[PDB]
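Undergrad: To be precise about what I am sending: the file is called coords_22.cif and holds mmCIF, C-alpha atoms; chains and numbers go by the auth columns.
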data_protein
#
loop_
_atom_site.group_PDB
_atom_site.id
_atom_site.type_symbol
_atom_site.label_atom_id
_atom_site.label_comp_id
_atom_site.label_asym_id
_atom_site.label_seq_id
_atom_site.Cartn_x
_atom_site.Cartn_y
_atom_site.Cartn_z
_atom_site.B_iso_or_equiv
_atom_site.auth_seq_id
_atom_site.auth_asym_id
ATOM 1 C CA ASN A 1 0.000 0.000 0.000 0.00 1 A
ATOM 2 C CA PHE A 2 2.485 2.670 1.165 0.00 2 A
ATOM 3 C CA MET A 3 5.745 2.926 3.023 0.00 3 A
ATOM 4 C CA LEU A 4 6.795 5.503 5.655 0.00 4 A
ATOM 5 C CA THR A 5 10.409 6.557 5.239 0.00 5 A
ATOM 6 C CA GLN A 6 12.591 7.856 8.099 0.00 6 A
ATOM 7 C CA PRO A 7 16.274 8.834 8.316 0.00 7 A
ATOM 8 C CA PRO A 8 18.112 5.925 10.137 0.00 8 A
ATOM 9 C CA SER A 9 19.940 8.283 12.566 0.00 9 A
ATOM 10 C CA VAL A 10 20.031 11.853 14.152 0.00 10 A
ATOM 11 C CA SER A 11 22.248 13.257 16.901 0.00 11 A
ATOM 12 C CA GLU A 12 22.375 16.493 18.795 0.00 12 A
ATOM 13 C CA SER A 13 23.924 17.927 21.969 0.00 13 A
ATOM 14 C CA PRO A 14 21.967 18.279 25.227 0.00 14 A
ATOM 15 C CA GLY A 15 19.602 21.289 25.411 0.00 15 A
ATOM 16 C CA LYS A 16 19.305 21.545 21.654 0.00 16 A
ATOM 17 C CA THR A 17 16.404 20.886 19.211 0.00 17 A
ATOM 18 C CA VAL A 18 16.099 17.915 16.849 0.00 18 A
ATOM 19 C CA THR A 19 13.541 17.047 14.071 0.00 19 A
ATOM 20 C CA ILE A 20 12.745 13.559 12.690 0.00 20 A
ATOM 21 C CA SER A 21 10.830 13.324 9.404 0.00 21 A
ATOM 22 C CA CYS A 22 8.464 10.566 8.229 0.00 22 A
ATOM 23 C CA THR A 23 7.622 10.563 4.504 0.00 23 A
ATOM 24 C CA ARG A 24 4.662 8.729 2.969 0.00 24 A
ATOM 25 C CA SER A 25 5.477 7.048 -0.368 0.00 25 A
ATOM 26 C CA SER A 26 2.002 7.081 -1.978 0.00 26 A
ATOM 27 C CA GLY A 27 -1.410 8.665 -1.199 0.00 27 A
ATOM 28 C CA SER A 28 -1.741 11.739 0.977 0.00 28 A
ATOM 29 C CA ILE A 29 -0.130 11.932 4.491 0.00 29 A
ATOM 30 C CA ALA A 30 -3.399 13.651 5.657 0.00 30 A
ATOM 31 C CA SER A 31 -5.639 10.681 4.712 0.00 31 A
ATOM 32 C CA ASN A 32 -4.906 8.948 8.046 0.00 32 A
ATOM 33 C CA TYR A 33 -3.574 10.025 11.437 0.00 33 A
ATOM 34 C CA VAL A 34 0.118 9.801 12.298 0.00 34 A
ATOM 35 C CA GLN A 35 1.429 8.465 15.673 0.00 35 A
ATOM 36 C CA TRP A 36 4.978 8.561 17.129 0.00 36 A
ATOM 37 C CA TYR A 37 6.610 6.058 19.531 0.00 37 A
ATOM 38 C CA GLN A 38 9.678 6.168 21.754 0.00 38 A
ATOM 39 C CA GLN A 39 11.420 2.823 22.373 0.00 39 A
ATOM 40 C CA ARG A 40 14.295 2.345 24.828 0.00 40 A
ATOM 41 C CA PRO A 41 16.504 -0.785 24.535 0.00 41 A
ATOM 42 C CA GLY A 42 14.760 -3.805 26.042 0.00 42 A
ATOM 43 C CA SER A 43 11.379 -2.077 26.314 0.00 43 A
ATOM 44 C CA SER A 44 8.155 -1.799 24.385 0.00 44 A
ATOM 45 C CA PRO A 45 7.110 1.206 22.274 0.00 45 A
ATOM 46 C CA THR A 46 5.761 4.245 24.204 0.00 46 A
ATOM 47 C CA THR A 47 3.328 6.773 22.588 0.00 47 A
ATOM 48 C CA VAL A 48 4.779 10.274 22.526 0.00 48 A
ATOM 49 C CA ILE A 49 2.300 11.673 19.897 0.00 49 A
ATOM 50 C CA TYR A 50 -1.058 10.466 18.511 0.00 50 A
ATOM 51 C CA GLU A 51 -3.472 12.032 16.007 0.00 51 A
ATOM 52 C CA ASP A 52 -0.639 13.990 14.291 0.00 52 A
ATOM 53 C CA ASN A 53 -0.063 16.368 17.262 0.00 53 A
ATOM 54 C CA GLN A 54 -1.685 15.194 20.552 0.00 54 A
ATOM 55 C CA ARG A 55 0.442 14.375 23.581 0.00 55 A
ATOM 56 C CA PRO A 56 -0.637 11.660 25.938 0.00 56 A
ATOM 57 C CA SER A 57 -0.823 12.487 29.630 0.00 57 A
ATOM 58 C CA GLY A 58 2.616 12.602 31.305 0.00 58 A
ATOM 59 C CA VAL A 59 4.450 13.264 28.009 0.00 59 A
ATOM 60 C CA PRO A 60 6.281 16.614 28.312 0.00 60 A
ATOM 61 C CA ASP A 61 5.607 19.505 25.917 0.00 61 A
ATOM 62 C CA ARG A 62 9.244 19.249 24.688 0.00 62 A
ATOM 63 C CA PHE A 63 7.624 16.688 22.280 0.00 63 A
ATOM 64 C CA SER A 64 5.546 18.016 19.377 0.00 64 A
ATOM 65 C CA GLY A 65 4.152 16.675 16.078 0.00 65 A
ATOM 66 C CA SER A 66 3.290 18.420 12.798 0.00 66 A
ATOM 67 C CA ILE A 67 2.295 17.539 9.214 0.00 67 A
ATOM 68 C CA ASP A 68 3.586 19.084 5.960 0.00 68 A
ATOM 69 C CA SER A 69 1.164 18.350 3.154 0.00 69 A
ATOM 70 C CA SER A 70 3.469 19.616 0.527 0.00 70 A
ATOM 71 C CA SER A 71 6.397 17.208 1.173 0.00 71 A
ATOM 72 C CA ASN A 72 3.826 14.498 2.152 0.00 72 A
ATOM 73 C CA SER A 73 5.597 14.145 5.522 0.00 73 A
ATOM 74 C CA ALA A 74 5.017 14.181 9.279 0.00 74 A
ATOM 75 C CA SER A 75 7.676 15.401 11.732 0.00 75 A
ATOM 76 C CA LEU A 76 8.508 14.807 15.446 0.00 76 A
ATOM 77 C CA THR A 77 10.316 17.717 17.119 0.00 77 A
ATOM 78 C CA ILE A 78 12.169 17.301 20.435 0.00 78 A
ATOM 79 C CA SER A 79 13.344 20.528 22.134 0.00 79 A
ATOM 80 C CA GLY A 80 15.544 20.884 25.258 0.00 80 A
ATOM 81 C CA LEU A 81 17.249 17.568 24.477 0.00 81 A
ATOM 82 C CA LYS A 82 18.043 15.464 27.544 0.00 82 A
ATOM 83 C CA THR A 83 20.249 12.372 27.642 0.00 83 A
ATOM 84 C CA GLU A 84 17.175 10.249 28.583 0.00 84 A
ATOM 85 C CA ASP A 85 15.644 11.089 25.128 0.00 85 A
ATOM 86 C CA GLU A 86 18.277 8.772 23.558 0.00 86 A
ATOM 87 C CA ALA A 87 16.168 5.939 22.056 0.00 87 A
ATOM 88 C CA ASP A 88 14.616 4.687 18.790 0.00 88 A
ATOM 89 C CA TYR A 89 11.673 6.716 17.349 0.00 89 A
ATOM 90 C CA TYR A 90 8.999 5.289 15.017 0.00 90 A
ATOM 91 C CA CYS A 91 6.233 6.942 12.975 0.00 91 A
ATOM 92 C CA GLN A 92 3.052 4.946 12.304 0.00 92 A
ATOM 93 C CA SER A 93 -0.195 5.357 10.350 0.00 93 A
ATOM 94 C CA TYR A 94 -3.041 3.237 8.730 0.00 94 A
ATOM 95 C CA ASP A 95 -3.810 1.968 5.332 0.00 95 A
ATOM 96 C CA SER A 96 -7.604 2.307 4.721 0.00 96 A
ATOM 97 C CA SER A 97 -7.708 -1.249 3.899 0.00 97 A
ATOM 98 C CA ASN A 98 -7.170 -0.331 7.427 0.00 98 A
ATOM 99 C CA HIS A 99 -3.938 -1.978 8.629 0.00 99 A
ATOM 100 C CA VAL A 100 -0.949 -0.501 10.523 0.00 100 A
ATOM 101 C CA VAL A 101 2.179 0.784 8.725 0.00 101 A
ATOM 102 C CA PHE A 102 5.418 1.489 10.723 0.00 102 A
ATOM 103 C CA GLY A 103 8.285 3.701 9.540 0.00 103 A
ATOM 104 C CA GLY A 104 11.801 2.268 9.503 0.00 104 A
ATOM 105 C CA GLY A 105 12.923 3.924 12.732 0.00 105 A
ATOM 106 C CA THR A 106 15.309 6.705 13.693 0.00 106 A
ATOM 107 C CA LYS A 107 18.059 6.074 16.306 0.00 107 A
ATOM 108 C CA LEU A 108 18.652 9.266 18.301 0.00 108 A
ATOM 109 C CA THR A 109 22.043 9.747 19.963 0.00 109 A
ATOM 110 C CA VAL A 110 22.453 12.559 22.528 0.00 110 A
ATOM 111 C CA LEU A 111 26.092 13.803 22.213 0.00 111 A
ATOM 112 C CA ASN B 1 -7.627 2.498 30.160 0.00 1 B
ATOM 113 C CA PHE B 2 -6.193 -1.018 30.096 0.00 2 B
ATOM 114 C CA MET B 3 -2.819 -2.750 30.046 0.00 3 B
ATOM 115 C CA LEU B 4 -1.730 -5.854 28.060 0.00 4 B
ATOM 116 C CA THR B 5 0.621 -8.079 30.029 0.00 5 B
ATOM 117 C CA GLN B 6 3.039 -10.588 28.492 0.00 6 B
ATOM 118 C CA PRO B 7 5.677 -12.940 29.980 0.00 7 B
ATOM 119 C CA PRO B 8 9.128 -11.243 29.734 0.00 8 B
ATOM 120 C CA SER B 9 10.796 -14.341 28.287 0.00 9 B
ATOM 121 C CA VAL B 10 10.259 -17.755 26.488 0.00 10 B
ATOM 122 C CA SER B 11 12.777 -20.221 25.113 0.00 11 B
ATOM 123 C CA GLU B 12 12.633 -23.441 23.207 0.00 12 B
ATOM 124 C CA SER B 13 14.808 -25.709 21.017 0.00 13 B
ATOM 125 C CA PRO B 14 14.778 -25.641 17.176 0.00 14 B
ATOM 126 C CA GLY B 15 11.813 -27.456 15.555 0.00 15 B
ATOM 127 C CA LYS B 16 9.656 -27.123 18.692 0.00 16 B
ATOM 128 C CA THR B 17 6.505 -25.083 19.445 0.00 17 B
ATOM 129 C CA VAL B 18 6.234 -22.009 21.653 0.00 18 B
ATOM 130 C CA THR B 19 3.188 -19.945 22.856 0.00 19 B
ATOM 131 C CA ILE B 20 3.290 -16.334 24.005 0.00 20 B
ATOM 132 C CA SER B 21 0.216 -14.956 25.892 0.00 21 B
ATOM 133 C CA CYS B 22 -1.203 -11.398 26.098 0.00 22 B
ATOM 134 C CA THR B 23 -3.612 -10.644 28.976 0.00 23 B
ATOM 135 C CA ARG B 24 -6.016 -7.637 29.075 0.00 24 B
ATOM 136 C CA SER B 25 -6.372 -5.966 32.506 0.00 25 B
ATOM 137 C CA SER B 26 -9.875 -4.480 32.114 0.00 26 B
ATOM 138 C CA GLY B 27 -12.677 -4.697 29.557 0.00 27 B
ATOM 139 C CA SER B 28 -12.973 -7.674 27.211 0.00 28 B
ATOM 140 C CA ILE B 29 -10.141 -8.896 24.919 0.00 29 B
ATOM 141 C CA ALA B 30 -12.777 -9.399 22.170 0.00 30 B
ATOM 142 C CA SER B 31 -13.836 -5.702 22.228 0.00 31 B
ATOM 143 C CA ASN B 32 -11.011 -4.689 19.864 0.00 32 B
ATOM 144 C CA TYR B 33 -8.731 -6.569 17.397 0.00 33 B
ATOM 145 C CA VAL B 34 -5.321 -7.883 18.494 0.00 34 B
ATOM 146 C CA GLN B 35 -2.096 -7.515 16.445 0.00 35 B
ATOM 147 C CA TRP B 36 1.313 -9.220 16.933 0.00 36 B
ATOM 148 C CA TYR B 37 4.721 -7.805 15.841 0.00 37 B
ATOM 149 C CA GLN B 38 8.193 -9.319 15.493 0.00 38 B
ATOM 150 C CA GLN B 39 11.118 -7.012 16.196 0.00 39 B
ATOM 151 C CA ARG B 40 14.772 -8.020 15.492 0.00 40 B
ATOM 152 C CA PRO B 41 17.560 -5.947 17.133 0.00 41 B
ATOM 153 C CA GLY B 42 18.184 -2.714 15.199 0.00 42 B
ATOM 154 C CA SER B 43 14.972 -3.054 13.180 0.00 43 B
ATOM 155 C CA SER B 44 11.414 -1.798 13.230 0.00 44 B
ATOM 156 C CA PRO B 45 8.362 -3.891 14.292 0.00 45 B
ATOM 157 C CA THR B 46 7.082 -6.253 11.556 0.00 46 B
ATOM 158 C CA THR B 47 3.436 -7.487 11.593 0.00 47 B
ATOM 159 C CA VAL B 48 3.098 -11.274 12.047 0.00 48 B
ATOM 160 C CA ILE B 49 -0.652 -11.342 12.898 0.00 49 B
ATOM 161 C CA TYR B 50 -3.432 -8.735 12.521 0.00 50 B
ATOM 162 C CA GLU B 51 -7.187 -8.948 13.345 0.00 51 B
ATOM 163 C CA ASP B 52 -6.580 -11.616 16.010 0.00 52 B
ATOM 164 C CA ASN B 53 -5.600 -14.338 13.473 0.00 53 B
ATOM 165 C CA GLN B 54 -4.802 -13.012 9.978 0.00 54 B
ATOM 166 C CA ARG B 55 -1.355 -13.488 8.472 0.00 55 B
ATOM 167 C CA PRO B 56 0.110 -10.793 6.210 0.00 56 B
ATOM 168 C CA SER B 57 1.364 -11.918 2.815 0.00 57 B
ATOM 169 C CA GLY B 58 4.836 -13.509 3.090 0.00 58 B
ATOM 170 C CA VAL B 59 4.443 -14.499 6.777 0.00 59 B
ATOM 171 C CA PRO B 60 4.720 -18.338 7.009 0.00 60 B
ATOM 172 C CA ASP B 61 1.913 -20.479 8.515 0.00 61 B
ATOM 173 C CA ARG B 62 4.204 -21.436 11.364 0.00 62 B
ATOM 174 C CA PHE B 63 2.807 -18.203 12.993 0.00 63 B
ATOM 175 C CA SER B 64 -0.785 -18.297 14.259 0.00 64 B
ATOM 176 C CA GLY B 65 -2.997 -16.139 16.563 0.00 65 B
ATOM 177 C CA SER B 66 -5.959 -17.051 18.821 0.00 66 B
ATOM 178 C CA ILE B 67 -8.143 -15.495 21.551 0.00 67 B
ATOM 179 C CA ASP B 68 -9.618 -16.950 24.907 0.00 68 B
ATOM 180 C CA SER B 69 -12.411 -16.038 27.954 0.00 69 B
ATOM 181 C CA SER B 70 -12.267 -17.449 30.090 0.00 70 B
ATOM 182 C CA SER B 71 -8.791 -15.972 30.583 0.00 71 B
ATOM 183 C CA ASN B 72 -9.223 -12.591 28.769 0.00 72 B
ATOM 184 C CA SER B 73 -6.093 -13.232 26.676 0.00 73 B
ATOM 185 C CA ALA B 74 -4.736 -13.455 23.110 0.00 74 B
ATOM 186 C CA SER B 75 -1.910 -15.869 22.182 0.00 75 B
ATOM 187 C CA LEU B 76 0.749 -16.101 19.432 0.00 76 B
ATOM 188 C CA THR B 77 1.899 -19.638 18.571 0.00 77 B
ATOM 189 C CA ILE B 78 5.155 -20.357 16.651 0.00 78 B
ATOM 190 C CA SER B 79 5.620 -23.942 15.400 0.00 79 B
ATOM 191 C CA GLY B 80 8.754 -25.447 13.798 0.00 80 B
ATOM 192 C CA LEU B 81 11.040 -23.039 15.643 0.00 81 B
ATOM 193 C CA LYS B 82 13.979 -21.730 13.627 0.00 82 B
ATOM 194 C CA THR B 83 16.897 -19.742 14.969 0.00 83 B
ATOM 195 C CA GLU B 84 15.787 -16.690 12.884 0.00 84 B
ATOM 196 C CA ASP B 85 12.588 -16.554 15.058 0.00 85 B
ATOM 197 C CA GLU B 86 14.762 -15.221 17.898 0.00 86 B
ATOM 198 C CA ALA B 87 13.452 -11.680 18.471 0.00 87 B
ATOM 199 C CA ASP B 88 11.123 -9.621 20.683 0.00 88 B
ATOM 200 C CA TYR B 89 7.325 -10.146 20.210 0.00 89 B
ATOM 201 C CA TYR B 90 4.686 -7.488 21.055 0.00 90 B
ATOM 202 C CA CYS B 91 0.910 -7.749 21.294 0.00 91 B
ATOM 203 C CA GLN B 92 -1.108 -4.609 20.533 0.00 92 B
ATOM 204 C CA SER B 93 -4.765 -3.517 20.596 0.00 93 B
ATOM 205 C CA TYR B 94 -6.970 -0.333 20.833 0.00 94 B
ATOM 206 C CA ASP B 95 -8.890 1.411 23.672 0.00 95 B
ATOM 207 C CA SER B 96 -12.277 2.800 22.512 0.00 96 B
ATOM 208 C CA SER B 97 -11.343 6.288 23.123 0.00 97 B
ATOM 209 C CA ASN B 98 -9.492 4.782 20.236 0.00 98 B
ATOM 210 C CA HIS B 99 -5.747 4.858 20.983 0.00 99 B
ATOM 211 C CA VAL B 100 -3.070 2.113 20.643 0.00 100 B
ATOM 212 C CA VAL B 101 -2.029 -0.074 23.586 0.00 101 B
ATOM 213 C CA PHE B 102 1.186 -2.185 23.430 0.00 102 B
ATOM 214 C CA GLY B 103 2.047 -5.196 25.579 0.00 103 B
ATOM 215 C CA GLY B 104 5.361 -5.161 27.521 0.00 104 B
ATOM 216 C CA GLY B 105 7.106 -7.563 25.079 0.00 105 B
ATOM 217 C CA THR B 106 8.387 -11.164 25.188 0.00 106 B
ATOM 218 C CA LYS B 107 12.032 -12.026 24.356 0.00 107 B
ATOM 219 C CA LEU B 108 12.212 -15.349 22.549 0.00 108 B
ATOM 220 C CA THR B 109 15.521 -17.295 22.706 0.00 109 B
ATOM 221 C CA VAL B 110 16.099 -20.285 20.416 0.00 110 B
ATOM 222 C CA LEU B 111 18.219 -22.783 22.357 0.00 111 B
#
Could you show the structure in this file as structure tokens?
TA:
Amino acid sequence: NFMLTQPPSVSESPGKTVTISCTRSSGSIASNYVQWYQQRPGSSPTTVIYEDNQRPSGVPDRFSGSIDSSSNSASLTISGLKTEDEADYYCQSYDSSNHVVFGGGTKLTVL
Amino acid sequence: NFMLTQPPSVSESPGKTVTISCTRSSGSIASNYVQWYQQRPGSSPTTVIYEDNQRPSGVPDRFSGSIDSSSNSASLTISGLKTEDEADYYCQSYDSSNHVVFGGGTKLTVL
């Protein structure tokens, strides 16, 4: 149906801002909601964003989501980088067909 | 809303059968569909089962899903164990507030 493409890595120093893009290969990004997950080594995925830009309870406002119709992409922005933010990040949407599609994953290193 | 609890680990010899369970903490397991993912180290989650028991194209019939009461659980069964099956396995469903819920994950070791 479609793929979601992510850069395999990003790094940044503590206190800085980092952006991770998720690009949909076919059909419009805005046809279905985008979610973002944080995964630490040995643990399960943790929702940081759902419905393109909503934060679950307990997720700090350092985490934000946005959609760019024109590049057919979603982005996750992390400001005030802390060393605990080091983790894998995945974007995720639906098919229509309805079925889940995961992006390839971005490994974030805090320098 | 609810949690999905899984055993942290399972192990078994090549050619054998292993079962991994997923237990819902409140509400019925049958209220929403259950999905299973395989995740190898360094990679993103791959669907092995969706809609309780459906296999995506290219997933071998060694992988099967089922659902039970009396215990409020879903299970993933892997027959004919191969050393490539070594990975983490996650169950996943939806609340009604619709939002995704992930299990804690099971690490499968092939002996």
Undergrad: Sorted by chain and rising residue number, which residues of chain B lie within 6 Å of chain A, and what are their closest atom pairs and distances in Å to one decimal, counting only C-alpha atoms, as a Markdown table?
TA:
| residue | atom | partner | partner_atom | distance |
| --- | --- | --- | --- | --- |
| B:44 | CA | A:104 | CA | 5.5 |
| B:104 | CA | A:44 | CA | 5.4 |
| B:105 | CA | A:44 | CA | 5.9 |
Undergrad: Report, in Å with one decimal, the straight-line distance from atom CA of residue A:78 to atom CA of residue B:36.
TA: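 Rounded to one decimal, the two atoms are 28.9 Å apart.
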Undergrad: Which residue gives the smallest distance to residue A:67 among A:3, A:87, A:34, A:49, with only C-alpha atoms counted?
TA: A:34
Undergrad: What would chain B look like once superposed on chain A, with the fit done by least squares over all C-alpha atoms paired in order? Give it as a PDB file with C-alpha atoms, keeping the file's coordinate frame.
TA:
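Here's the written file superposed_19.pdb:
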ATOM      1  CA  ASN B   1      -0.054  -0.050   0.041  1.00  0.00           C
ATOM      2  CA  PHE B   2       2.396   2.618   1.183  1.00  0.00           C
ATOM      3  CA  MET B   3       5.678   2.897   3.063  1.00  0.00           C
ATOM      4  CA  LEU B   4       6.758   5.519   5.656  1.00  0.00           C
ATOM      5  CA  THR B   5      10.420   6.439   5.343  1.00  0.00           C
ATOM      6  CA  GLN B   6      12.528   7.954   8.129  1.00  0.00           C
ATOM      7  CA  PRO B   7      16.228   8.929   8.387  1.00  0.00           C
ATOM      8  CA  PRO B   8      18.147   6.058  10.097  1.00  0.00           C
ATOM      9  CA  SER B   9      19.941   8.395  12.505  1.00  0.00           C
ATOM     10  CA  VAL B  10      19.962  11.914  14.176  1.00  0.00           C
ATOM     11  CA  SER B  11      22.211  13.334  16.867  1.00  0.00           C
ATOM     12  CA  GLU B  12      22.411  16.535  18.801  1.00  0.00           C
ATOM     13  CA  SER B  13      23.916  17.990  22.008  1.00  0.00           C
ATOM     14  CA  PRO B  14      21.986  18.335  25.312  1.00  0.00           C
ATOM     15  CA  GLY B  15      19.578  21.317  25.468  1.00  0.00           C
ATOM     16  CA  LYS B  16      19.299  21.528  21.662  1.00  0.00           C
ATOM     17  CA  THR B  17      16.416  20.808  19.248  1.00  0.00           C
ATOM     18  CA  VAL B  18      16.096  17.872  16.866  1.00  0.00           C
ATOM     19  CA  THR B  19      13.506  17.043  14.111  1.00  0.00           C
ATOM     20  CA  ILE B  20      12.751  13.579  12.769  1.00  0.00           C
ATOM     21  CA  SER B  21      10.739  13.319   9.483  1.00  0.00           C
ATOM     22  CA  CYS B  22       8.355  10.592   8.221  1.00  0.00           C
ATOM     23  CA  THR B  23       7.589  10.542   4.471  1.00  0.00           C
ATOM     24  CA  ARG B  24       4.596   8.714   2.881  1.00  0.00           C
ATOM     25  CA  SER B  25       5.350   6.969  -0.447  1.00  0.00           C
ATOM     26  CA  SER B  26       1.846   7.012  -1.981  1.00  0.00           C
ATOM     27  CA  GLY B  27      -1.511   8.563  -1.110  1.00  0.00           C
ATOM     28  CA  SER B  28      -1.739  11.645   1.104  1.00  0.00           C
ATOM     29  CA  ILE B  29      -0.175  11.898   4.605  1.00  0.00           C
ATOM     30  CA  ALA B  30      -3.386  13.667   5.755  1.00  0.00           C
ATOM     31  CA  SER B  31      -5.616  10.688   4.781  1.00  0.00           C
ATOM     32  CA  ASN B  32      -4.957   8.905   8.095  1.00  0.00           C
ATOM     33  CA  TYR B  33      -3.656   9.994  11.551  1.00  0.00           C
ATOM     34  CA  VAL B  34       0.054   9.758  12.409  1.00  0.00           C
ATOM     35  CA  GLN B  35       1.429   8.377  15.717  1.00  0.00           C
ATOM     36  CA  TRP B  36       4.991   8.562  17.146  1.00  0.00           C
ATOM     37  CA  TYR B  37       6.572   6.054  19.599  1.00  0.00           C
ATOM     38  CA  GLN B  38       9.701   6.126  21.761  1.00  0.00           C
ATOM     39  CA  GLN B  39      11.438   2.804  22.326  1.00  0.00           C
ATOM     40  CA  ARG B  40      14.339   2.378  24.829  1.00  0.00           C
ATOM     41  CA  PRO B  41      16.519  -0.773  24.541  1.00  0.00           C
ATOM     42  CA  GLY B  42      14.808  -3.776  26.165  1.00  0.00           C
ATOM     43  CA  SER B  43      11.442  -2.008  26.383  1.00  0.00           C
ATOM     44  CA  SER B  44       8.200  -1.780  24.465  1.00  0.00           C
ATOM     45  CA  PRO B  45       7.145   1.214  22.286  1.00  0.00           C
ATOM     46  CA  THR B  46       5.719   4.156  24.290  1.00  0.00           C
ATOM     47  CA  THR B  47       3.366   6.700  22.615  1.00  0.00           C
ATOM     48  CA  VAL B  48       4.789  10.252  22.473  1.00  0.00           C
ATOM     49  CA  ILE B  49       2.302  11.685  19.914  1.00  0.00           C
ATOM     50  CA  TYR B  50      -1.064  10.418  18.597  1.00  0.00           C
ATOM     51  CA  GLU B  51      -3.513  11.988  16.074  1.00  0.00           C
ATOM     52  CA  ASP B  52      -0.701  13.920  14.356  1.00  0.00           C
ATOM     53  CA  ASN B  53      -0.124  16.292  17.331  1.00  0.00           C
ATOM     54  CA  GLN B  54      -1.725  15.128  20.601  1.00  0.00           C
ATOM     55  CA  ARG B  55       0.416  14.378  23.639  1.00  0.00           C
ATOM     56  CA  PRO B  56      -0.589  11.574  26.016  1.00  0.00           C
ATOM     57  CA  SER B  57      -0.836  12.465  29.692  1.00  0.00           C
ATOM     58  CA  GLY B  58       2.627  12.544  31.323  1.00  0.00           C
ATOM     59  CA  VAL B  59       4.508  13.223  28.047  1.00  0.00           C
ATOM     60  CA  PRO B  60       6.323  16.607  28.404  1.00  0.00           C
ATOM     61  CA  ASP B  61       5.696  19.503  25.965  1.00  0.00           C
ATOM     62  CA  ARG B  62       9.251  19.195  24.722  1.00  0.00           C
ATOM     63  CA  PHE B  63       7.706  16.611  22.274  1.00  0.00           C
ATOM     64  CA  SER B  64       5.555  17.964  19.435  1.00  0.00           C
ATOM     65  CA  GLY B  65       4.119  16.611  16.123  1.00  0.00           C
ATOM     66  CA  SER B  66       3.263  18.366  12.823  1.00  0.00           C
ATOM     67  CA  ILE B  67       2.291  17.509   9.222  1.00  0.00           C
ATOM     68  CA  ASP B  68       3.344  19.070   5.757  1.00  0.00           C
ATOM     69  CA  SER B  69       2.300  19.007   1.655  1.00  0.00           C
ATOM     70  CA  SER B  70       4.004  20.023   0.031  1.00  0.00           C
ATOM     71  CA  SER B  71       6.391  17.269   1.138  1.00  0.00           C
ATOM     72  CA  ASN B  72       3.857  14.528   2.126  1.00  0.00           C
ATOM     73  CA  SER B  73       5.526  14.113   5.536  1.00  0.00           C
ATOM     74  CA  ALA B  74       4.927  14.156   9.311  1.00  0.00           C
ATOM     75  CA  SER B  75       7.615  15.363  11.759  1.00  0.00           C
ATOM     76  CA  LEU B  76       8.436  14.824  15.463  1.00  0.00           C
ATOM     77  CA  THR B  77      10.282  17.704  17.159  1.00  0.00           C
ATOM     78  CA  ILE B  78      12.165  17.294  20.489  1.00  0.00           C
ATOM     79  CA  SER B  79      13.303  20.524  22.194  1.00  0.00           C
ATOM     80  CA  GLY B  80      15.550  20.848  25.276  1.00  0.00           C
ATOM     81  CA  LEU B  81      17.308  17.564  24.529  1.00  0.00           C
ATOM     82  CA  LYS B  82      18.111  15.430  27.565  1.00  0.00           C
ATOM     83  CA  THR B  83      20.279  12.338  27.608  1.00  0.00           C
ATOM     84  CA  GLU B  84      17.210  10.190  28.536  1.00  0.00           C
ATOM     85  CA  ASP B  85      15.722  11.085  25.078  1.00  0.00           C
ATOM     86  CA  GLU B  86      18.295   8.727  23.533  1.00  0.00           C
ATOM     87  CA  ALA B  87      16.182   5.936  22.008  1.00  0.00           C
ATOM     88  CA  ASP B  88      14.648   4.729  18.730  1.00  0.00           C
ATOM     89  CA  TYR B  89      11.652   6.735  17.344  1.00  0.00           C
ATOM     90  CA  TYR B  90       8.975   5.241  15.032  1.00  0.00           C
ATOM     91  CA  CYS B  91       6.242   6.924  13.011  1.00  0.00           C
ATOM     92  CA  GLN B  92       3.078   4.912  12.340  1.00  0.00           C
ATOM     93  CA  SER B  93      -0.172   5.328  10.381  1.00  0.00           C
ATOM     94  CA  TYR B  94      -3.011   3.246   8.749  1.00  0.00           C
ATOM     95  CA  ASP B  95      -3.796   2.104   5.162  1.00  0.00           C
ATOM     96  CA  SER B  96      -7.548   2.269   4.361  1.00  0.00           C
ATOM     97  CA  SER B  97      -7.869  -1.351   3.904  1.00  0.00           C
ATOM     98  CA  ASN B  98      -7.253  -0.395   7.473  1.00  0.00           C
ATOM     99  CA  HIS B  99      -3.990  -1.998   8.645  1.00  0.00           C
ATOM    100  CA  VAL B 100      -1.003  -0.490  10.548  1.00  0.00           C
ATOM    101  CA  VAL B 101       2.098   0.804   8.748  1.00  0.00           C
ATOM    102  CA  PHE B 102       5.350   1.503  10.684  1.00  0.00           C
ATOM    103  CA  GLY B 103       8.240   3.703   9.575  1.00  0.00           C
ATOM    104  CA  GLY B 104      11.767   2.183   9.507  1.00  0.00           C
ATOM    105  CA  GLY B 105      12.865   3.954  12.737  1.00  0.00           C
ATOM    106  CA  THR B 106      15.312   6.742  13.663  1.00  0.00           C
ATOM    107  CA  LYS B 107      18.087   6.199  16.257  1.00  0.00           C
ATOM    108  CA  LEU B 108      18.629   9.358  18.275  1.00  0.00           C
ATOM    109  CA  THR B 109      22.044   9.836  19.968  1.00  0.00           C
ATOM    110  CA  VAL B 110      22.532  12.584  22.562  1.00  0.00           C
ATOM    111  CA  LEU B 111      26.105  13.847  22.191  1.00  0.00           C
TER     112      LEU B 111
END
Undergrad: In Å, with one decimal, what is the gap from atom CA of residue B:97 to atom CA of residue B:37?
TA: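 Calculated distance between atom CA of residue B:97 and atom CA of residue B:37 is 22.6 Å.
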Undergrad: Give as a count of residues only every residue, naming chains and numbers as the document does, that has an atom within 8 Å of (13.9, -27.9, 18.9), counting only C-alpha atoms.
TA: 9
Undergrad: Could you check how far atom CA of residue B:31 sits from atom CA of residue A:98, in Å to one decimal?
TA: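 Between these atoms lies a distance of 17.1 Å.
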Undergrad: Could you check which of A:32, A:25, A:92, A:19 is closest to residue A:62, using only C-alpha atoms?
TA: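 Smallest separation from residue A:62 among the options: A:19.
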Undergrad: Counting only C-alpha atoms, which of A:57, A:28, A:83, A:75 gets nearest to residue A:7?
TA: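 Distance minimum relative to residue A:7 lands on A:75.
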